[PDB]
Chemist: 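Can you keep this structure in mind? I'll have questions shortly.
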Amino acid sequence: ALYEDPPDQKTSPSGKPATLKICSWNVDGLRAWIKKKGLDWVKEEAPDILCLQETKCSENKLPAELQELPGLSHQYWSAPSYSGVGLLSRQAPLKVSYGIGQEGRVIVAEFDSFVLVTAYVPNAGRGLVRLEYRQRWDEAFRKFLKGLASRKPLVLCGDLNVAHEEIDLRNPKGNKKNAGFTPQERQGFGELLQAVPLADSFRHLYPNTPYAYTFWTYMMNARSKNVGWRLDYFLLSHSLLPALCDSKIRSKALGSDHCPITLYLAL
DNA sequence: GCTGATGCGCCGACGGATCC
DNA sequence: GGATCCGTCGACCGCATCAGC
């Protein structure tokens with residue numbers, strides 16, 4: 001069944017208006033993504049912070065368009081020394097660091113009232129050849145997140161490469177041995193929520209909404225049929241839940257095999 | 001400099017078996 | 001014997017290097 005995201009809810013349930021818009025997007029190659037008009041969509045979406053995964057592009061090779069972004073001028077990039085992530089912000093963060101204590105997968109940015117983590121979580125791979133590394137990575141990531149020195153609440157966003165529950169992908173049955181839906185990956189996601197702790201922003205708001213996905217394989221015209229997976233998330237500290245206005249899946253923005261996702265927070 | 005082949009990371013379709 | 005379950009197989013893209021002109 002096709003899906004259409006509900007309209008933007010820009011006011012918190014108590015009634016306070018959204019003041020921060022965060023967008024996260026696995027762009028499947030930043031240079032290709034830009035040529036496919038990805039930046040045009042970002043300008044229309046006008047977020048305060050933009051998080052990119054799978055940039056596939058070192059900093060010296062960033063297209064010039066990216067320094068034509070006056071509303072997203074504080075830019076931070078991290079590539080492995082493939083992969084690669086980026087963080088663009090209207091305002092300067094107080095602190096930026098890379099890694100989880102050069103894989104080019106995690107950027108941590110401290111702002112006034114929260115800490116933003118963007119992550120491109122390692123894929124378990126075809127035939128699950130990298131699953132044990134992913135499980136070991138998951139545990140190190142959890143420890144890093146909880147061990148964060150600040151008492152500020154956390155926003156974790158990006159491509160976490162796991163469909164948490166069956167409702168999060170079109171074909172749960174045929175995929176329980178595929179990357180992104182092993183019991184090992186699903187369990188790691190549950191542990192992240194419990195350990196840190198964190199809430200799945202989109203699911204806290206739409207706990208029973210099926211067919212909402214953020215990735216479709218390029219093969220077999222899967223996106224036309226909305227045969228997809230929900231791999232990209234905004235995960236929120238419990239104390240940020242009153243500030244949560246909405247969590248969006250921008251199904252119609254093309255340019256990658258992932259679509260953008262957008263968080264509205266009332267801070 | 002530029003192209004194209006190649007390699008690498010990144011599952012839905014389909015055919016067959018089992019179940020009531 | 002339709003529904004379900006299970007294992008098999010071909011394949012979209014972007015980016016790298018390499019070979020040749």
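As a basis for the values below, the full set of heavy atoms in this structure was taken, side chains included, without hydrogen atoms, waters or symmetry mates. Reminder, nothing fancy here: chain letters follow the sequence lines and each chain counts from 1.
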Chemist: Between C1' on C:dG10 and CG on A:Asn221, what's the gap in Å once rounded to a whole number?
Modeler: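 Going from CG in A:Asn221 over to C1' in C:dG10 covers 14 Å.
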
Chemist: Looking at every strand, decide which applies to A:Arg126 at a 4.0 Å heavy-atom threshold: base, sugar-phosphate, or nothing.
Modeler: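 Base, at least one base atom sits under 4.0 Å.
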
Chemist: Among B:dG12, C:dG7, B:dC11, which nucleotide has an atom closest to any side-chain atom of A:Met219?
Modeler: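 For the A:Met219 side chain, the nearest candidate turns out to be B:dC11.
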
Chemist: Nearest to the side chain of A:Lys225, heavy atoms from C-beta on, is which of C:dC5, B:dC11, B:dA13?
Modeler: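 Among C:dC5, B:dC11, B:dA13, the one nearest the side chain of A:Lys225 is B:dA13.
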
Chemist: When you get a sec, tell me which of B:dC10, C:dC13, B:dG12 is the closest nucleotide to the side chain of A:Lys36?
Modeler: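 Looking only at side-chain atoms, A:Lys36 lies closest to C:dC13.
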
Chemist: Closest approach to the side chain of A:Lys177, judged atom by atom: which nucleotide of C:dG7, C:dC12, B:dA13 is it?
Modeler: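 The answer is C:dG7.
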
Chemist: Students often get this wrong, so: under 4.0 angstrom with heavy atoms, is A:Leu30 touching a base, only sugar-phosphate, or nothing?
Modeler: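 Sugar-phosphate: the residue A:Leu30, judged by heavy atoms under 4.0 Å, touches backbone atoms but no base.
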
Chemist: What is the distance, to the nearest angstrom, from the CG atom on A:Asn171 to the P atom on C:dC5?
Modeler: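 My rounded result for the distance is 13 Å.
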
Chemist: My parser flags sugar pucker from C1'-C2'-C3'-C4'; what should it report for C:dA16, north or south?
Modeler: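 Torsion sign positive, so north.
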
Chemist: Expressed in angstrom and rounded to an integer, what is the separation of A:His258 atom NE2 from B:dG9 atom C1'?
Modeler: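 For the pair A:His258 NE2 and B:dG9 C1', the rounded distance is 12 Å.
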
Chemist: Decide whether a cation-pi geometry holds between A:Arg136 and A:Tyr133; the criteria are a distance under 6.0 Å from NZ or CZ to the six-membered ring centre and an angle within 45° of the ring axis.
Modeler: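 Pair A:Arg136/A:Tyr133 does not count as cation-pi.
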
Chemist: Which nucleotide sits closest to the side chain of A:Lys56: B:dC11, C:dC15, B:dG12?
Modeler: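 The closest nucleotide is C:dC15.
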
Chemist: Base, sugar-phosphate, or nothing for A:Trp229, non-hydrogen atoms under 4.0 angstrom?
Modeler: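 Sugar-phosphate, no base atom in range.
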
Chemist: If I take atom CG in residue A:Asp257 and atom P in nucleotide B:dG12, what distance separates them, rounded to the nearest angstrom?
Modeler: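 Atom CG in A:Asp257 sits about 12 Å away from atom P in B:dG12.
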
Chemist: Please determine whether residues A:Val155 and A:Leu205 belong to a single hydrophobic cluster, defined as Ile, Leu, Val, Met, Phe, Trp and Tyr linked transitively by side-chain heavy-atom distances below 4.5 Å.
Modeler: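 Yes.
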
Chemist: So which nucleotide from C:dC13, C:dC15, B:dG12 ends up closest to the side chain of A:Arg31?
Modeler: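 The nucleotide sitting nearest to the side chain is C:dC15.
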
Chemist: Does A:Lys61 have a side-chain nitrogen or oxygen under 4.0 Å from the phosphate oxygens OP1 or OP2 of C:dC15?
Modeler: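 So the side chain of A:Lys61 is outside the cut-off, no N or O lying under 4.0 Å from OP1 or OP2 of C:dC15.
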
Chemist: Where the side chain of A:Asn175 is defined as all heavy atoms beyond and including C-beta, which of C:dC5, B:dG12, C:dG14 is the nearest nucleotide?
Modeler: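 Selected nucleotide: B:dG12.
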
Chemist: Within 45° of the axis and under 6.0 Å from the centre of the six-membered ring of A:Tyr120, does NZ or CZ of A:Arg105 qualify?
Modeler: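 Yes.
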
Chemist: With DNA chain C as reference, determine whether A:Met220 or A:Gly255 sits nearer its 5' end, using the nearest nucleotide of each.
Modeler: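 Looking at DNA chain C, the more 5' nearest nucleotide goes with A:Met220.
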
Chemist: Out of B:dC10, B:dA13, C:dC5, which nucleotide sits closest to the side chain of A:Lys173?
Modeler: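 Side chain of A:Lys173 sits closest to C:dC5.
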
Chemist: Which whole-number value in Å describes the distance from A:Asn178 CG to C:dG10 P?
Modeler: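 Roughly 17 Å, once rounded to whole Å.
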
Chemist: Taking only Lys NZ, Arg NE, NH1 and NH2, and the carboxylate oxygens of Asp or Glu, determine whether A:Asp112 and A:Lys152 approach each other closer than 4.0 Å.
Modeler: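 Salt bridge absent between A:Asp112 and A:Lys152.
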
Chemist: Do A:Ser81 and A:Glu103 come within less than 4.5 Å of each other through their side chains, counting heavy atoms only?
Modeler: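 No, too far: nothing below the 4.5 Å cut-off.
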
Chemist: Rounded to whole Å, how long is the line connecting atom CG of A:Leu231 with atom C1' of B:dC10?
Modeler: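 The answer, rounded to whole Å, is 11 Å.
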
Chemist: Looking only at the side chain of A:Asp28 (C-beta and beyond, no hydrogens), which of the listed nucleotides C:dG14, B:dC11, B:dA13 gets closest?
Modeler: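 Among C:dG14, B:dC11, B:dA13, the one nearest the side chain of A:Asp28 is C:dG14.
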
Chemist: Tell me the interatomic distance from A:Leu254, atom CG, to C:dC12, atom P, rounded to whole angstroms.
Modeler: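 In whole Å, C:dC12 P and A:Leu254 CG are 19 Å from each other.
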
Chemist: Looking only at the aromatic ring of each residue, does the gap between the centers of A:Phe189 and A:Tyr233 stay below 6.0 angstrom?
Modeler: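 Ring-ring flag for A:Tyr233/A:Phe189: true, centres closer than 6.0 Å.
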
Chemist: I want to check one thing: is the phosphate of B:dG9, taken as OP1 and OP2, less than 4.0 Å away from some side-chain N or O of A:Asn123?
Modeler: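 The answer is no; no side-chain N or O of A:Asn123 sits under 4.0 Å from OP1 or OP2.
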
Chemist: Rounded to whole angstrom units, what separation is found between the CG atom of A:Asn26 and the P atom of C:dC13?
Modeler: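 The answer, rounded to whole Å, is 16 Å.
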
